[PDB]
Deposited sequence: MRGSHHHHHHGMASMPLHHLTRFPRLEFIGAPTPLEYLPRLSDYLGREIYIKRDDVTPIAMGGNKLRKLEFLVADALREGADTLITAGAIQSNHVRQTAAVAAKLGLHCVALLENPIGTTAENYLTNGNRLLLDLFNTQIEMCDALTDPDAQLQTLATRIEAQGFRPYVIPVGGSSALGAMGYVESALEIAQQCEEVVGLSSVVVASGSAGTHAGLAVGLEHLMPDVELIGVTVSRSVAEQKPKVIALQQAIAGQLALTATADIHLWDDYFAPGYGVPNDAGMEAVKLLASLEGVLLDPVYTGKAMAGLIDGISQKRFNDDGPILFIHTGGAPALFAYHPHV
């Protein structure tokens, strides 16, 4: 209810499709549905756009002329922020790292990174995002002292404000489903947490599972919980639901493809004409599939996979590294 008290820009408009996947369902022997948050009208789309609706509205209210964020070279978030900035006539400054130590030309210059150049993003390279919030604040102070009005967007757009975007997706989900499980990639945690708050109130019987793409359960759980509480607090709701996380599917680490993940990509492509990605959704789908094999879900009814986007990264990861 209090969701409408938050300023937001319209970047998406109509609710994204929720689709049945008959061929994948037939193959896995389980009813699988997909939330197509990969289909959004801005610069090849994705989940970060839902967050930016709130974050950029806040930016404009604060009178910013510059958006500053951070991510890997192949960040979907940075690409979406850069496109949104260009659309609104805002400057954009991206703080980037190479998280996998690659020198592969396509990772360094193609995919999302190519798009950043098209969007006229000012690029700042750092050796590592060891303390992103801190490093972004340092950068913002320079730019502010330089004569600009920056607005800092945290890594993956995952603040309590940004995460409102995924409380919003939860409303679409609830509307469109009128299910036993929901599966989503859990990275910077805004998507997971927002969905957790929304689904708790809208679909309490449904098990929400985050498949981690960068961290162990131990490392990831406190982050998702912290966001869950902050979101609930700002909406004047209670959030008591357990956070469920599966960390078996991201090795050897963030932004490195693995076989299970790339095989998930091939499966969805060949069976459904759907495009996943090597960093996020492929790994999450690999988790979904294994959850079936291992009978890992609370019960064995329909599963909703949340497609958070990421496909432009296919072109940066080809042919390897």
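Participant: Got a list of the deposited-sequence ranges with no coordinates?
Facilitator: No coordinates exist for the deposited residues in 1-17, 196-199, so these stretches are absent from the model.
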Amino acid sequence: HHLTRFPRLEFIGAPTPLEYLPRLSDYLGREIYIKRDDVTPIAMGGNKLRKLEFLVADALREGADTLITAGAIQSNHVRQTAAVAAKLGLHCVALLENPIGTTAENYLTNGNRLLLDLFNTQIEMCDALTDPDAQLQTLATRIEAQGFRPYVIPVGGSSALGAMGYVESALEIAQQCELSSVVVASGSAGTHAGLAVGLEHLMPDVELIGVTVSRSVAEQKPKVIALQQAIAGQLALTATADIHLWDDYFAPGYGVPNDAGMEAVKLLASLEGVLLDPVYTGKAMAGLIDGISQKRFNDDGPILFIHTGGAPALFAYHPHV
From here on, numbers count along this sequence of modelled residues.
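Each form is matched to the other, and the largest set of C-alpha atoms that superpose within 1.5 Å is called the rigid core.
Participant: Out of 193-201 and 139-147, which shows the greater rigid core-aligned C-alpha deviation in 8 other deposited structures of this protein?
Facilitator: Stretch with the higher C-alpha RMS distance in 8 other deposited structures of this protein: 139-147.
Participant: Highest mean C-alpha temperature factor of the two stretches 112-120 and 225-233, which is it?
Facilitator: Result of the comparison: 225-233.
Participant: Would 133-141 or 78-86 have the larger average of its C-alpha temperature factors, as given in the entry?
Facilitator: The entry gives the higher C-alpha B-factor average to 133-141.
Participant: Checking the record values for 41, 287, 63, 253, which has the greatest CA B factor?
Facilitator: Checking the PDB record, the top C-alpha B-factor among 41, 287, 63, 253 is at 63.
Participant: Between 208, 202, 213, 95, where does the Cα B-factor run highest in the record?
Facilitator: Reading the PDB entry, the winner on C-alpha B-factor is 202.
Participant: Sorting the chain's CA B-factors, does residue 312 end up in the lowest, middle or highest third?
Facilitator: CA B-factor rank for residue 312: lowest third.
Participant: Could you place residue 102 in the lowest, middle or highest third of its chain by Cα temperature factor, using the values in the record?
Facilitator: Middle third - that is where residue 102 ends up once the chain's C-alpha B-factors are sorted.
Participant: Can you tell me whether residue 179 has a C-alpha B-factor in the lowest, middle or highest third compared with the other modelled residues of the same chain?
Facilitator: Ranked within chain, residue 179 CA B lands in the highest tercile.
Participant: Taking the chain's C-alpha temperature factors as the reference, tell me which third residue 303 falls into: lowest, middle or highest.
Facilitator: Middle third by C-alpha B-factor.
Participant: Among all modelled residues of this chain, ranked by Cα B factor, put residue 238 in the bottom, middle or top third, i.e. lowest, middle or highest.
Facilitator: Within its chain, residue 238 is a highest-third residue by C-alpha B-factor, going by the deposited values.
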